[PDB]
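Chemist: Just dropping this structure here.
Rule-based calculations on the coordinates, nothing more; no lab input. All Cβ positions, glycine included, derive from the backbone under ideal geometry; neighbour counts span all protein chains shown.
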RNA sequence: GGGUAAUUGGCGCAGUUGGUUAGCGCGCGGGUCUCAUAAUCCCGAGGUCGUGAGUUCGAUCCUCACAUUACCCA
RNA sequence: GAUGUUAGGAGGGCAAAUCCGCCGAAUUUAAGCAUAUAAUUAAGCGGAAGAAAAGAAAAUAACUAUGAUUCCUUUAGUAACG
RNA sequence: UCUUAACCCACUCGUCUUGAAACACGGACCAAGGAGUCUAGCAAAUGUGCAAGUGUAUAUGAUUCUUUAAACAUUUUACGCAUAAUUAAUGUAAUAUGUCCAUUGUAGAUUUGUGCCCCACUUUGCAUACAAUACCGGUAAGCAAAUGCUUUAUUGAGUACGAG
RNA sequence: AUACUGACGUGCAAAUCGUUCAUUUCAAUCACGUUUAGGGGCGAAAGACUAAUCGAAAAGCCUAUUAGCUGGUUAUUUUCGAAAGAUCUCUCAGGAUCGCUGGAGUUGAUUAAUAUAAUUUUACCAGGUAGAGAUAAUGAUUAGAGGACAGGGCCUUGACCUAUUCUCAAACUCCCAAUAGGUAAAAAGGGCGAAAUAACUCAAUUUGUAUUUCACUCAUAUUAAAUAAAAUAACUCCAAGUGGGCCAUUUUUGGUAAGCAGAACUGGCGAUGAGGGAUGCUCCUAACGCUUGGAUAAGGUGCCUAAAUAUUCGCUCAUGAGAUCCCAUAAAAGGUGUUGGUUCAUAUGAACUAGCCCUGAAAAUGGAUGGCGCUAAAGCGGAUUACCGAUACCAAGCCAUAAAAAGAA
RNA sequence: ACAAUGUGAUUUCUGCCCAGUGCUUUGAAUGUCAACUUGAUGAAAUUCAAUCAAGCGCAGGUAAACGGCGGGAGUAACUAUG
RNA sequence: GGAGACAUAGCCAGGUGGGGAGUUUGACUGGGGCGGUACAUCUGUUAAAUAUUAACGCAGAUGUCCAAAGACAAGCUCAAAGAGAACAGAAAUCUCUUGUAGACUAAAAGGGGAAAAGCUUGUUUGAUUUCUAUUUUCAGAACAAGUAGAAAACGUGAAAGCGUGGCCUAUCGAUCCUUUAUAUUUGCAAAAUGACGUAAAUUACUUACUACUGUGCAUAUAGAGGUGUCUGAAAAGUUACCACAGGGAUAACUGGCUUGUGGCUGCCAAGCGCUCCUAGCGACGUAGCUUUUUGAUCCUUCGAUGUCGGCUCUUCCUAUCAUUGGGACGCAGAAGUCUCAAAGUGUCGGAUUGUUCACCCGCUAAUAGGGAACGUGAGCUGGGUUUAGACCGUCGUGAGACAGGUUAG
RNA sequence: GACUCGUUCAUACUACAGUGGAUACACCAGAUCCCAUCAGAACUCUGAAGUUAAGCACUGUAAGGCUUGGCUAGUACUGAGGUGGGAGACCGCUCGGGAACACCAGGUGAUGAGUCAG
């Protein structure tokens, strides 16, 4: 599946009008060490007693839903767009 | 262990026992999802008619009072 | 095993022989007022607004109308109880019913008949006849025209 | 997922901001008794996308594949 | 610092309900179980008294402010943890 | 009454079980013992008292001190639950002063009248059912400097003379 | 402690006895003292042994440990009375939650009514199964006939056409039943008018809509089609038990079949006696307070056994007759057995046919029309009566329950 | 000698393979690999980098270590076998 | 004496760590394990003409693909068949005629589609934001997939219109947590952090007035990271050393149903039998019986019906092997084959094997076939199979496995 | 007569013929501009010189098809009952409901609104 890199569309925030957006691919990045859940988990882990939780380990599906990041040129407020899970994803490629 | 997996048997017999129940057939019902535009217009109509009726009733009452 | 939306619909939703091809243009003109009775007959020349299997061949009151949609109150048997279900369909499948029209025609005919009778002060049994037993009668049969019969031999 | 290293002609490998190689091999001609041999053809999306500059396969960035280790509240 | 059958004295052990220090489980609960839970419990070991412990502000509040400690009534099955 | 007879009938009880008289299990006999309770907290039901309140807590007080380890008493905003909701939250919070009037319907109990008693009109219009409007908290959306505004959407275990 | 797998095996013994046998100066045997202790000891190693206790000793406590599993789970009468479906479940011996049940209450009916109904009616739909079709389509599929593209010498094999022909399909369909299903049948409404109201509608302040207010007026002395121990209804609450099921007809899928596996509709059975089926959880009859008399059902009427050795017309002899739904086996094929037919020929020969009967017809404890028995049947097939025959039915009494009348000298 | 195993008198012999898993030997050329340390950034918390631990990896050694130890065709004066 | 600021020890930190610990080790399931997924789903069929509806029933499909294969308009008509046109042939392109779909429509299969839904071309990004009413399964919960709208903003077409993903039916995911978006919404608990900002004012603890005010953490709202045992535990083996709670809801044993399988008997008559259907046979076919086999089954028994065989002993059967009496013959006698009445009487010695079975050898009159809970364990025997020890192979990293053998039991 | 919009959506179709063109439809004439292409073929535009030859209308055909009706046939099938028959397979009866193809006969259209021309 292949999506072009700019798209004229309705802008949800700080607009009412259809205008151009730049299109990019969301990615998760490194979890913050001082985030509350990680702090609780770190505290549970610490000291004796071995691993303290579930580990989400069974592992089935081989794809992950593709999400486009939309940025309006006129007003710097961004918006998400979700669509079906696909195996091979391309941005701006061949016609 | 192998055990029978379905049957509709006896269900009908139970069902008729308290009778096949009917809905309660209310004359009016909520208009919530039904057509915006037309029902908002109606809300104005009801307010209009009601206001005229109220004003006339007040006029009769105050006039009767003197 | 599976039971998806158009499950088991093969012959039911398919058109009869020589009845393929788009919904006739005239058919959009038909009048729908609130509380009119209306049949739900599937088509398949139209795809949007196609209703689920059960509401095929059922008939109910119209309670709501949109740009091309029609809400129909249909009774559904669910185990020990009928309950009322609001089936939104598009106009191509909704058909103006006739069952109501029998009663309506009867009202009109009765009103005229009653008005005339009452004017003359001639008491009258306006209610439906509901076919009684056959009354007695006298019948001429020519004695030369009568035919007589026996059960046939076997072959 | 981290971090690292490797992918450049048929084959195998060097090189990095003023360069597209060297060897083997192939093709073809030259040459000492037969070969080793010299000479010339062969013959390069430098894994991928984009940027930074007088100037880039080389540097910044992007991504896949291969490799080695390690993480696995994912 | 030793040494002394030097002179005067003291401690040891028994008893435990309540009481004070430690040390310390698991069966169990989760319809399994690993974190939690059982429980700062039981067992183990030390020490007191007619009661003990605590106690005379490195307190709480954010009010018109309270004012050593203990207990009752309560806040409260709440803030909170998981 | 008991006792034998006689005609006709009549399979070991309990039990788990689709199906037990069973070649299913438990029962040699007898006597006595022997198994859905108590507390905590919650609920509805129903009873009972009081009623926008309610409960007198802990505790004090009494010529109360066999019973009494109960009963009795409690100088003109203690606490629980109720009396208002809602939102994560700073928090905000119920028509609205044209009038001590008490939002609008359709059915609908009870009442008044007519033409001591059935009617059919009228008349008042509870409970309740079904709707409808207002308005309050959250959220939208539109506006936006402000005691934030809005005819519009929504959402709530909300409200429209209490019920606990 | 080897063999006798000898004695004993409620022993002489919770390992004994007899006979046989292995062992004897050494890796020998015994005594006593001493050492090592429980996930520990010890083991020339068997998970052996550690006081009759060992793949984790014995004792007490934590501890009345815990158990979706087994067993048990206590007076009477009376009333109503289930389920063995369903969804989700580390779920299939469970639980939750629906279903189905009782109690409590209100509302409504209490006016032969409207609401209403496992029902029909008249309207009106919706259908694609049995069926039917192949020359209607798709797929199968057997034959020839008549014709104007290929190989060989007008001719042969054809292909290919055209009109035909034999047989076909859960997953083929021109067409298509029955049964089953839905909607319809008027008063809180409907009529035909007027007038209002709106920011909607439309070109339309009147073009509609919809509401509202007024008018006029629609059957009702059987009730806008019947029929109805039709309100014993609605509805709310709180809660139970249950969530293994099974059988018959008919429809039915798997399987050679199965008292087999799996479904569909209904009825049962389960939880249900009683009368009949000899005998029996399910078949037939019929559902049960206590009694008296009556008359029957289902079924019988030779005796067992209550009613007929009834009547009336037939058929039937069997040197393994036959005899009652379910239901307790019998076929293909034969018969110059008798009985009727039916078709042919010249009261005979032929050919068929179906009744009973015969052959085909073999199994183990002895042996089963229920038994004795039965042949001018007590057999088989009818018809005709009469009779006998239930906890069912009718009349009457008595009981409780339920409702109704009805009552504060 | 002490400790740890395997095998099991004598006699006769003790073949092949280090790929797999073990076990084992070298190291600052070497990839990764922890605390600490050390520097940079920031107002600080933080956030970043960097360093010669063993270990593994990288290079070998080892079968009286665990262990392991192939398959098709075709071919000789008869046929047969190969 | 020696070693020496190194050890050692203390505390951190990495590695190693079945030496030792704690624990787990799905479910369905015509026994269980193996195999499979029927566990989430979708088509057709089974399904019995509304809806419903099952089996480890049947034929299959699903975990994707897509900036166009999306959106809109316009133009065009396809598959195929015929007859033609240098190279040119069955295919090449071109032309004309015939062409209701025999094409194509991303992918199963079924629906739907011809001035299109197909194909070609133009323009585009609505594959958008916000919110309802709802349908399907269903508890009338959830997700998911839709249908009908509304408020926005747009896309296309001249315009009506149509467009809120794919012609319709499939293409999938709770809580916590993380992650990145959104806001003139909020918090960080006695306070403050834009900013002494803007005016004043006096010399100060001055007065008004300002939607926007540190880092970090947290919320609210919205996506996304995944639970395929798909309404969501982070989970491997073994026990023949084993324990306990239960189960005939469930195997290994009889009996029971059925009789595929086995065994036994028929019927047909093409042939075989020198010629000759039937003396003796008997294919192609076809109908039964039997329960001495093996199955299928899982009704009965798991708070125990003592599990093979031999020995011994008795009775029953007949589908007769001998003996007795007969009949037929491809019968000259003899030998014999088939056959009918026959169950009176009999039916053996051994070698070898745990053996049922088997095979010999020998006798014989013949060495028939069977039943009785596979007759016969409070009659025996214990060789086999089925406890603990042991061996060898293969298999398993291991503990260990073996419808392989072998030995003490 | 003719047209424009339609309706029912084959009695309206198809195949082969014949018959008809005042006015009308049409074919037909042309390419400057708008427009459209490979090509004025189509489409578009601009004409009005010719013509019923076709389209179109009307009618015909032992036409095919389609459509009513008969007849297939009370056949096939089926709801309810049955201590009915049949060894079984299956088949009657009682109360009911009741097809299809083929075949044969007829039929081959009807019509709403508006307009022009004798």
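Chemist: Measure nothing fancy, just the Cα-based angle from helix A:36-45's long axis to the longest principal axis of chain A, in degrees from 0 to 90, nearest 10.
Modeler: 20 degrees
Chemist: Nearest 500 deg cm²/dmol is fine: what mean residue ellipticity at 222 nm does chain B get from its DSSP H runs of n ≥ 4 alone, each adding -39,500 (n - 2.57), divided by its residue count?
Modeler: Numbers: 2 runs with 35 residues, N = 66.
That comes out to -18000 deg cm²/dmol.
Chemist: Oh, and also: What order do you get for A:75, A:11 when you list them from fewest to most C-beta neighbours inside 10 Å? Each step should come with its number before you reach the end.
Modeler: On the way: A:75 12, A:11 22.
Least to most surrounded, the residues fall as A:75, A:11.
Chemist: If you don't mind, there's one more thing I want to ask. What do you get for the angle between helix B:38-65 and the principal long axis of chain B? Use alpha-carbon atoms, 0 to 90 degrees, nearest ten.
Modeler: 50 degrees
Chemist: Next question. For peptide C:35-47, what's the mean number of Cβ atoms from other chains within 10 Å of each residue's Cβ? Don't skip to the end; give the middle numbers.
Modeler: Numbers: counts 0, 0, 0, 0, 0, 0, 0, 0, 0, 0, 0, 0, 0.
Partner-chain Cβ atoms within 10 Å, mean over residues of C:35-47: 0.
Chemist: Among DSSP bridges having both ends in chain C, what percentage is antiparallel? Round to the nearest 5.
Modeler: Of all bridge pairs located within chain C, approximately 100 percent are antiparallel.
Chemist: If each of residue C:145 and residue C:10 carries a label point 7 Å out from its Cα toward its Cβ, how far apart are those two points in nm?
Modeler: That separation, rounded to one decimal, is 5.5 nm.
Chemist: Residues of B:13-22, mean number of Cβ from any other protein chain within 10 Å of their own Cβ, rounded to a whole number?
Modeler: Numbers: counts 0, 2, 4, 1, 1, 2, 2, 6, 6, 5.
Mean number of neighbouring Cβ atoms from other chains: 3.
Chemist: Further, regarding this structure: Taking the Cα-to-Cβ direction at residue B:49 and at residue B:29 and moving 7 Å from each Cα, how far apart do the two end points lie in nm?
Modeler: It works out to 2.2 nm between the two label points.
Chemist: Which value at 222 nm does chain A reach when only helices count, each DSSP H run of 4 or more adding -39,500 (n - 2.57), with the total divided by all residues and rounded to the nearest 500 deg cm²/dmol? Can you show the working numbers first?
Modeler: Working: 1 runs with 10 residues, N = 95.
Mean residue ellipticity, 222 nm, calculated: -3000 deg cm²/dmol.
Chemist: Using Cα atoms only, what is the angle between the long axis of helix C:99-120 and the major principal axis of chain C, expressed in degrees (0 to 90) to the nearest 10?
Modeler: The angle comes out near 50 degrees.
Chemist: To make sure I understand, if each residue's beta carbon is the centre and we count other beta carbons within 10 Å, what order do C:73, C:104, C:152, B:34 fall in, fewest to most?
Modeler: C:152, C:104, B:34, C:73
Chemist: On to the next question. Sequence gap at least 6, Cα distance under 8 Å: using those rules, report the relative contact order of chain C to the nearest whole percent. Intermediate results must be reported in sequence, preceding the final value.
Modeler: On the way: 161 pairs, mean separation 26.8, N = 155.
It comes to 17 percent, rounded to a whole number.
Chemist: Counting other beta carbons within 10 Å of each Cβ, put C:54, C:28 in order, fewest first. Could you put the intermediate results ahead of the total?
Modeler: Values: C:54 13, C:28 10.
Lowest to highest Cβ neighbour count: C:28, C:54.
Chemist: Now for a different question. Which whole number gives the average count of other chain Cβ atoms within 10 Å of the Cβ atoms across peptide C:78-89?
Modeler: On the way: counts 2, 6, 10, 7, 4, 3, 5, 0, 1, 0, 0, 0.
For peptide C:78-89, the averaged partner shielding equals 3.
Chemist: I would also like to ask the following. Helix-derived [θ] at 222 nm for chain C: sum -39500 (n - 2.57) over DSSP H runs of at least 4, divide by residue count, nearest 500? Intermediate values should be presented prior to the final figure.
Modeler: Working: 2 runs with 26 residues, N = 155.
Mean residue ellipticity at 222 nm (helix-derived): -5500 deg cm²/dmol.
Chemist: Now for a separate question. If the convex hull of the alpha-carbon atoms of chain A is projected onto planes in all directions, what is the mean projected area in square nanometres? Don't skip to the end; give the middle numbers.
Modeler: On the way: hull surface 37.7 nm².
For chain A, averaging the hull's shadow over all directions gives 9.4 nm².
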